[PDB]
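This is structure_5.cif. It holds mmCIF, C-alpha atoms; chains and numbers go by the auth columns.
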data_target
loop_
_atom_site.group_PDB
_atom_site.id
_atom_site.type_symbol
_atom_site.label_atom_id
_atom_site.label_comp_id
_atom_site.label_asym_id
_atom_site.label_seq_id
_atom_site.Cartn_x
_atom_site.Cartn_y
_atom_site.Cartn_z
_atom_site.B_iso_or_equiv
_atom_site.auth_seq_id
_atom_site.auth_asym_id
ATOM 1 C CA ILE A 1 -20.284 8.821 5.269 0.00 72 A
ATOM 2 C CA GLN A 2 -21.532 9.238 8.849 0.00 73 A
ATOM 3 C CA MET A 3 -24.546 7.030 8.055 0.00 74 A
ATOM 4 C CA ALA A 4 -22.514 3.817 8.277 0.00 75 A
ATOM 5 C CA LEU A 5 -20.969 5.005 11.546 0.00 76 A
ATOM 6 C CA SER A 6 -24.330 6.095 12.974 0.00 77 A
ATOM 7 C CA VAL A 7 -26.480 3.166 11.810 0.00 78 A
ATOM 8 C CA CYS A 8 -24.301 0.291 13.006 0.00 79 A
ATOM 9 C CA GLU A 9 -23.114 1.850 16.292 0.00 80 A
ATOM 10 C CA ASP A 10 -26.583 2.928 17.486 0.00 81 A
ATOM 11 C CA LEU A 11 -29.293 0.784 15.838 0.00 82 A
ATOM 12 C CA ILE A 12 -28.193 -2.770 15.004 0.00 83 A
ATOM 13 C CA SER A 13 -26.931 -3.289 18.568 0.00 84 A
ATOM 14 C CA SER A 14 -30.451 -2.670 19.949 0.00 85 A
ATOM 15 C CA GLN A 15 -31.816 -6.027 18.684 0.00 86 A
ATOM 16 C CA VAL A 16 -33.684 -4.741 15.623 0.00 87 A
ATOM 17 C CA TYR A 17 -35.302 -7.192 13.200 0.00 88 A
ATOM 18 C CA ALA A 18 -36.615 -4.656 10.656 0.00 89 A
ATOM 19 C CA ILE A 19 -35.381 -1.205 9.615 0.00 90 A
ATOM 20 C CA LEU A 20 -37.331 1.459 7.715 0.00 91 A
ATOM 21 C CA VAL A 21 -35.580 3.792 5.272 0.00 92 A
ATOM 22 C CA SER A 22 -35.975 7.536 5.815 0.00 93 A
ATOM 23 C CA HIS A 23 -36.889 10.170 3.212 0.00 94 A
ATOM 24 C CA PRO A 24 -34.466 12.672 1.624 0.00 95 A
ATOM 25 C CA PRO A 25 -35.293 16.324 2.375 0.00 96 A
ATOM 26 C CA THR A 26 -34.641 17.044 -1.312 0.00 97 A
ATOM 27 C CA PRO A 27 -36.510 14.604 -3.598 0.00 98 A
ATOM 28 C CA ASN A 28 -33.835 14.872 -6.311 0.00 99 A
ATOM 29 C CA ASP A 29 -31.271 13.364 -3.921 0.00 100 A
ATOM 30 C CA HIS A 30 -30.486 9.658 -4.105 0.00 101 A
ATOM 31 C CA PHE A 31 -28.234 8.570 -1.233 0.00 102 A
ATOM 32 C CA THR A 32 -30.860 8.137 1.474 0.00 103 A
ATOM 33 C CA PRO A 33 -31.093 4.296 1.413 0.00 104 A
ATOM 34 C CA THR A 34 -27.772 3.512 -0.268 0.00 105 A
ATOM 35 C CA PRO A 35 -25.827 3.672 3.057 0.00 106 A
ATOM 36 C CA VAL A 36 -28.653 2.054 5.023 0.00 107 A
ATOM 37 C CA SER A 37 -29.066 -0.964 2.738 0.00 108 A
ATOM 38 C CA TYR A 38 -25.302 -1.604 2.596 0.00 109 A
ATOM 39 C CA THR A 39 -24.415 -1.879 6.290 0.00 110 A
ATOM 40 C CA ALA A 40 -27.747 -3.460 7.260 0.00 111 A
ATOM 41 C CA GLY A 41 -27.558 -5.890 4.334 0.00 112 A
ATOM 42 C CA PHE A 42 -24.326 -7.430 5.620 0.00 113 A
ATOM 43 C CA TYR A 43 -26.182 -9.486 8.247 0.00 114 A
ATOM 44 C CA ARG A 44 -29.210 -10.311 6.039 0.00 115 A
ATOM 45 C CA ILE A 45 -31.418 -7.826 7.898 0.00 116 A
ATOM 46 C CA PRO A 46 -34.630 -7.032 5.966 0.00 117 A
ATOM 47 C CA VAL A 47 -34.998 -3.332 5.160 0.00 118 A
ATOM 48 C CA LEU A 48 -38.234 -1.614 4.115 0.00 119 A
ATOM 49 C CA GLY A 49 -38.374 1.593 2.080 0.00 120 A
ATOM 50 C CA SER B 1 5.878 11.879 -1.669 0.00 34 B
ATOM 51 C CA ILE B 2 2.490 10.210 -1.143 0.00 35 B
ATOM 52 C CA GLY B 3 2.256 7.737 1.716 0.00 36 B
ATOM 53 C CA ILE B 4 1.088 4.229 0.833 0.00 37 B
ATOM 54 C CA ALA B 5 -0.355 2.060 3.607 0.00 38 B
ATOM 55 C CA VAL B 6 -0.819 -1.717 3.498 0.00 39 B
ATOM 56 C CA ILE B 7 -3.256 -3.550 5.781 0.00 40 B
ATOM 57 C CA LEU B 8 -3.383 -7.320 6.288 0.00 41 B
ATOM 58 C CA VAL B 9 -5.525 -9.468 8.591 0.00 42 B
ATOM 59 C CA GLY B 10 -4.569 -12.960 9.740 0.00 43 B
ATOM 60 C CA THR B 11 -1.485 -14.911 10.758 0.00 44 B
ATOM 61 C CA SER B 12 1.613 -13.351 9.197 0.00 45 B
ATOM 62 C CA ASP B 13 5.111 -12.106 9.993 0.00 46 B
ATOM 63 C CA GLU B 14 5.657 -8.350 10.163 0.00 47 B
ATOM 64 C CA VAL B 15 9.436 -8.425 9.671 0.00 48 B
ATOM 65 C CA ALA B 16 9.236 -10.680 6.603 0.00 49 B
ATOM 66 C CA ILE B 17 6.809 -8.333 4.837 0.00 50 B
ATOM 67 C CA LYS B 18 8.691 -5.211 5.954 0.00 51 B
ATOM 68 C CA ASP B 19 11.949 -6.586 4.517 0.00 52 B
ATOM 69 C CA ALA B 20 10.747 -5.947 0.952 0.00 53 B
ATOM 70 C CA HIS B 21 8.835 -2.763 1.845 0.00 54 B
ATOM 71 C CA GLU B 22 11.805 -0.482 1.102 0.00 55 B
ATOM 72 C CA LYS B 23 13.051 -2.511 -1.857 0.00 56 B
ATOM 73 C CA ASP B 24 11.565 -0.752 -4.914 0.00 57 B
ATOM 74 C CA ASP B 25 14.446 0.403 -7.137 0.00 58 B
ATOM 75 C CA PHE B 26 12.528 3.489 -8.275 0.00 59 B
ATOM 76 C CA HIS B 27 15.519 5.828 -8.658 0.00 60 B
ATOM 77 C CA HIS B 28 14.237 6.921 -12.089 0.00 61 B
ATOM 78 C CA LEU B 29 11.641 9.247 -10.528 0.00 62 B
ATOM 79 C CA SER B 30 11.527 10.618 -6.974 0.00 63 B
ATOM 80 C CA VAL B 31 8.379 8.799 -5.901 0.00 64 B
ATOM 81 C CA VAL B 32 9.600 8.455 -2.278 0.00 65 B
ATOM 82 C CA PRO B 33 7.039 5.855 -1.096 0.00 66 B
ATOM 83 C CA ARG B 34 6.590 6.108 2.679 0.00 67 B
ATOM 84 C CA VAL B 35 5.301 2.561 3.065 0.00 68 B
ATOM 85 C CA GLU B 36 3.618 1.945 6.424 0.00 69 B
ATOM 86 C CA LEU B 37 2.878 -1.562 7.699 0.00 70 B
ATOM 87 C CA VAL B 38 -0.516 -1.742 9.436 0.00 71 B
ATOM 88 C CA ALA B 39 -1.779 -4.931 11.098 0.00 72 B
ATOM 89 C CA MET B 40 -5.182 -5.087 12.776 0.00 73 B
ATOM 90 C CA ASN B 41 -8.048 -7.557 13.184 0.00 74 B
ATOM 91 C CA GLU B 42 -10.634 -5.590 11.224 0.00 75 B
ATOM 92 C CA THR B 43 -13.005 -8.181 9.770 0.00 76 B
ATOM 93 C CA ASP B 44 -16.059 -6.264 10.993 0.00 77 B
ATOM 94 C CA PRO B 45 -17.154 -3.104 9.138 0.00 78 B
ATOM 95 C CA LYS B 46 -16.877 -1.035 12.333 0.00 79 B
ATOM 96 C CA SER B 47 -13.108 -1.492 12.584 0.00 80 B
ATOM 97 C CA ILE B 48 -12.642 -0.677 8.890 0.00 81 B
ATOM 98 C CA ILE B 49 -14.693 2.531 8.954 0.00 82 B
ATOM 99 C CA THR B 50 -13.078 3.755 12.191 0.00 83 B
ATOM 100 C CA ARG B 51 -9.576 3.155 10.762 0.00 84 B
ATOM 101 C CA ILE B 52 -9.723 3.991 7.044 0.00 85 B
ATOM 102 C CA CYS B 53 -11.331 7.395 7.593 0.00 86 B
ATOM 103 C CA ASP B 54 -8.994 8.149 10.518 0.00 87 B
ATOM 104 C CA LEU B 55 -5.755 7.483 8.613 0.00 88 B
ATOM 105 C CA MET B 56 -5.938 10.736 6.638 0.00 89 B
ATOM 106 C CA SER B 57 -6.293 12.732 9.867 0.00 90 B
ATOM 107 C CA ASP B 58 -2.990 11.407 11.238 0.00 91 B
ATOM 108 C CA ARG B 59 -0.865 10.731 8.133 0.00 92 B
ATOM 109 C CA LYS B 60 -1.294 12.609 4.846 0.00 93 B
ATOM 110 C CA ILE B 61 -1.926 9.754 2.402 0.00 94 B
ATOM 111 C CA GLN B 62 -3.665 9.603 -0.985 0.00 95 B
ATOM 112 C CA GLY B 63 -3.395 5.853 -1.606 0.00 96 B
ATOM 113 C CA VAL B 64 -4.309 2.688 0.310 0.00 97 B
ATOM 114 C CA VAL B 65 -3.499 -0.912 -0.651 0.00 98 B
ATOM 115 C CA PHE B 66 -5.546 -3.628 1.054 0.00 99 B
ATOM 116 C CA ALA B 67 -4.616 -7.283 1.546 0.00 100 B
ATOM 117 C CA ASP B 68 -6.315 -10.118 3.405 0.00 101 B
ATOM 118 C CA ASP B 69 -6.135 -13.850 4.106 0.00 102 B
ATOM 119 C CA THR B 70 -9.781 -14.603 4.928 0.00 103 B
ATOM 120 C CA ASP B 71 -12.576 -16.297 2.985 0.00 104 B
ATOM 121 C CA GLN B 72 -15.173 -13.567 3.597 0.00 105 B
ATOM 122 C CA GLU B 73 -17.897 -13.555 0.944 0.00 106 B
ATOM 123 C CA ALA B 74 -18.737 -9.829 1.045 0.00 107 B
ATOM 124 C CA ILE B 75 -15.593 -8.000 2.212 0.00 108 B
ATOM 125 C CA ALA B 76 -14.889 -6.737 -1.313 0.00 109 B
ATOM 126 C CA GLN B 77 -18.322 -5.109 -1.617 0.00 110 B
ATOM 127 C CA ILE B 78 -18.189 -3.314 1.740 0.00 111 B
ATOM 128 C CA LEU B 79 -14.611 -2.188 1.063 0.00 112 B
ATOM 129 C CA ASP B 80 -15.620 -0.843 -2.359 0.00 113 B
ATOM 130 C CA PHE B 81 -18.126 1.525 -0.727 0.00 114 B
ATOM 131 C CA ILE B 82 -15.302 3.609 0.766 0.00 115 B
ATOM 132 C CA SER B 83 -13.880 4.134 -2.730 0.00 116 B
ATOM 133 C CA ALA B 84 -17.245 5.411 -3.981 0.00 117 B
ATOM 134 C CA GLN B 85 -17.526 7.891 -1.098 0.00 118 B
ATOM 135 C CA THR B 86 -13.954 9.156 -1.600 0.00 119 B
ATOM 136 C CA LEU B 87 -11.416 9.951 -4.336 0.00 120 B
ATOM 137 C CA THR B 88 -8.517 7.893 -2.938 0.00 121 B
ATOM 138 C CA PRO B 89 -7.773 4.831 -5.099 0.00 122 B
ATOM 139 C CA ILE B 90 -7.655 1.446 -3.384 0.00 123 B
ATOM 140 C CA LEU B 91 -6.536 -1.930 -4.748 0.00 124 B
ATOM 141 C CA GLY B 92 -7.573 -5.379 -3.561 0.00 125 B
ATOM 142 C CA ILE B 93 -4.564 -7.697 -3.533 0.00 126 B
ATOM 143 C CA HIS B 94 -5.079 -10.849 -1.460 0.00 127 B
ATOM 144 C CA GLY B 95 -7.941 -12.779 0.096 0.00 128 B
ATOM 145 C CA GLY B 96 -11.604 -11.841 -0.141 0.00 129 B
ATOM 146 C CA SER B 97 -10.748 -8.363 -1.417 0.00 130 B
ATOM 147 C CA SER B 98 -9.754 -9.985 -4.738 0.00 131 B
ATOM 148 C CA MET B 99 -13.062 -11.805 -5.224 0.00 132 B
ATOM 149 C CA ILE B 100 -15.068 -10.996 -8.336 0.00 133 B
ATOM 150 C CA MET B 101 -17.892 -8.449 -8.429 0.00 134 B
ATOM 151 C CA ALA B 102 -20.566 -7.617 -10.985 0.00 135 B
ATOM 152 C CA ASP B 103 -20.237 -3.844 -11.397 0.00 136 B
ATOM 153 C CA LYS B 104 -18.647 -0.823 -9.742 0.00 137 B
ATOM 154 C CA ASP B 105 -19.978 2.664 -9.130 0.00 138 B
ATOM 155 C CA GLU B 106 -18.963 5.221 -11.746 0.00 139 B
#
Using structure tokens, write down the structure that the file contains.
Amino acid sequence: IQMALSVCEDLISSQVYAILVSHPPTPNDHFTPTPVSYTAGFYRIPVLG
Amino acid sequence: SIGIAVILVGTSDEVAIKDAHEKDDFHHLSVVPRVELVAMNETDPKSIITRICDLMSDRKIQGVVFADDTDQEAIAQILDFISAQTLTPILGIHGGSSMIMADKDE
């Protein structure tokens, strides 16, 4: 939940044209890029995993 | 009693909407709906996330009803994400929140 707050209040404002997805500490987890690709996909910002 | 909050963005009259707020003849069962009228310009995701997740801290509510009068093409998708991350049901009523979507999270 804090990902959307942290990503768009600290990263998109710094004039970023490409964002790289992190890696989950536990491989069986899933929600590493699912908050990143939602908020960053609003403004048609390319995201690389 | 579970508080129900309604949020609308655009040009509207607060008194006209609030006239029918306490008008549900629900005397059959003691629902006691504490309807709260909330008006804020929250088109951007930042305003939504800083308001939706702060409402529970102030007022104990387990239900949110959202309305809008804008032609946004992706407001429904970004608003649906809060439902996936929580267990509080939310209903899209008016505007872009009522636009169609392909699928929802389980």
With only C-alpha atoms counted and 9 Å as the cut-off, give the residues of chain B in contact with chain A, each with its shortest interatomic distance in Å and the pair that gives it, as a tab-separated table.
residue	atom	partner	partner_atom	distance
B:78	CA	A:110	CA	7.9
B:79	CA	A:76	CA	7.3
B:82	CA	A:76	CA	7.2
B:83	CA	A:76	CA	8.0
B:107	CA	A:113	CA	7.6
B:110	CA	A:109	CA	8.9
B:111	CA	A:109	CA	7.4
B:114	CA	A:109	CA	8.5
B:115	CA	A:72	CA	8.5
B:118	CA	A:72	CA	7.0
Practice item. Could you tell me which residues the PyMOL selection byres ((chain B and resi 40) around 6) grabs in this file, written as a ChimeraX atom specification? Key: /B:39,41,71-72,99-100
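Residues matching the PyMOL selection byres ((chain A and resi 120) around 6) in this structure come to residues 91, 92 and 119 of chain A.
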For the residues in the current selection, export C-alpha atoms as a PDB file, in the coordinates of the input.
ATOM      1  CA  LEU A  91     -37.331   1.459   7.715  1.00  0.00           C
ATOM      2  CA  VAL A  92     -35.580   3.792   5.272  1.00  0.00           C
ATOM      3  CA  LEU A 119     -38.234  -1.614   4.115  1.00  0.00           C
TER       4      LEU A 119
END
Point to revise | Length of the atom CA of residue B:70 to atom CA of residue B:128 vector [Å] | key: 17.3 Å
Check your understanding: Applied to the shown file, which residues does the PyMOL selection byres ((chain B and resi 34) around 10) return, written as a PyMOL selection string?
Key -> chain B and resi 35-37+63-67+93-95
What would the file look like if the residues just selected were written as a PDB file, in the frame of the given file with C-alpha atoms?
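Once written, selection-v6.pdb looks like this:
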ATOM      1  CA  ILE B  35       2.490  10.210  -1.143  1.00  0.00           C
ATOM      2  CA  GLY B  36       2.256   7.737   1.716  1.00  0.00           C
ATOM      3  CA  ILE B  37       1.088   4.229   0.833  1.00  0.00           C
ATOM      4  CA  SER B  63      11.527  10.618  -6.974  1.00  0.00           C
ATOM      5  CA  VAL B  64       8.379   8.799  -5.901  1.00  0.00           C
ATOM      6  CA  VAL B  65       9.600   8.455  -2.278  1.00  0.00           C
ATOM      7  CA  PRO B  66       7.039   5.855  -1.096  1.00  0.00           C
ATOM      8  CA  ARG B  67       6.590   6.108   2.679  1.00  0.00           C
ATOM      9  CA  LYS B  93      -1.294  12.609   4.846  1.00  0.00           C
ATOM     10  CA  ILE B  94      -1.926   9.754   2.402  1.00  0.00           C
ATOM     11  CA  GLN B  95      -3.665   9.603  -0.985  1.00  0.00           C
TER      12      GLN B  95
END
Exercise for review: Just give me the gap between atom CA of residue B:108 and atom CA of residue B:126 in Å, one decimal is fine.
Suggested key: 12.4 Å
Point to revise | Point (-10.6, 4.5, -3.1), cut-off 12 Å, counting all atoms listed in the file, residues as a list in words | key: residues 85, 86, 94, 95, 96, 97, 98, 99, 111, 112, 113, 114, 115, 116, 117, 118, 119, 120, 121, 122, 123, 124, 125, 137 and 138 of chain B
**Study point:** atom CA of residue A:116 to atom CA of residue B:135, straight-line distance in Å
**Key:**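 Taking atom CA of residue B:135 and atom CA of residue A:116, their separation equals 21.8 Å.
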Can you report as JSON the centre and edge lengths in Å, to one decimal, of an axis-aligned box around the listed atoms of stretch 40-52 of chain B padded with 5 Å on each side?
{"center_x": 3.2, "center_y": -9.2, "center_z": 7.6, "size_x": 27.5, "size_y": 21.4, "size_z": 16.2}
